[PDB]
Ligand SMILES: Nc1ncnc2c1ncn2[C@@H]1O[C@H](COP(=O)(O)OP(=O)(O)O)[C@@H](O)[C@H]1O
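The data below hold one chain only, encoded as structure tokens and taken in the form deposited without adenosine-5'-diphosphate.
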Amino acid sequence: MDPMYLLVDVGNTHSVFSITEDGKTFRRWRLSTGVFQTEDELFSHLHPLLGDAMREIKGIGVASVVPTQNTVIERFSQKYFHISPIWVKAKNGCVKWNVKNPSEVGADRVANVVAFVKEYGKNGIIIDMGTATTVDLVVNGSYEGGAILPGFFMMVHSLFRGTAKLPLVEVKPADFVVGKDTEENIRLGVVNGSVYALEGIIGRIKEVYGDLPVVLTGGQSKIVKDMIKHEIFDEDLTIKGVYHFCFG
């Protein structure tokens, strides 16, 4: 048939919940991850969002980078659907994990790499702009490692909290060479600066491994889409990876 699957991406700030019946088209919602949430709270939040679809869920797949939240997801799955979730984790098989300790790679990164190898090919560079911005390298189906940078909001917030004089600035690219006020200075340093950082890391990768395609994803990616050269834009990459890992 076409059984419905619930896919979950538990991030540090937000958790994405998505339903699919084919692994190709997805309906998507986002909630704050939030401290001390319970399984009943999760159900209550999802109830008016999923509506009728709720009763059709046959399997639950989860990538999580917030271990304290995992018991809540497990309890929600068991209480409301009488099933245990399937947890995305690096394992041998379809991807070779050529790093020091694959078990420590974030589940969202694993999902991104799995989705890339299933849908796009054996060679690529994945940029995921979220709470942190990750760069992930896959070469001939081997995960090679990558980079982790603070995310855009994380950066503006760090400048605000970590100094006396700086305000909290809205994340918006600079369309000028030098900023002429404090907000412009920070936009240029954080937004354009982070794009330059990524271009530098990607450039050096390409020098060593050749000209790989770049996929861009993440909840913070849409605002800088025009600024970074990329061959694929796919906002659903992580959720696709959860689907492929858990439900093939």
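Residue positions are given as counts along the sequence shown, with the first one as 1.
Another form exists, solved in complex with adenosine-5'-diphosphate; not displayed. Remarks below refer to it.
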Exercise. When you measure heavy atoms, are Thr20, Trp87 and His244 every one within 4.5 angstroms of adenosine-5'-diphosphate in the entry with it bound?
Worked result: no
Exercise. Does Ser77 reach adenosine-5'-diphosphate in the entry with it bound if we count a contact as any heavy atom within 4.5 Å?
Worked result: no
Problem set entry | Partner contact for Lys225 in the entry with it bound: adenosine-5'-diphosphate, 4.5 angstroms, heavy atom | no
Exercise. At the 4.5 Å heavy atom threshold, is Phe153 in contact with adenosine-5'-diphosphate in the entry with it bound?
Worked result: yes
Exercise. Is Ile125 close enough to adenosine-5'-diphosphate in the entry with it bound to count, meaning some heavy atom within 4.5 Å?
Worked result: no
Exercise. In the entry with it bound, which of the stretches 196-204, 41-49, 54-62, 217-225 has residues with heavy atoms within 4.5 Å of adenosine-5'-diphosphate?
Worked result: 217-225
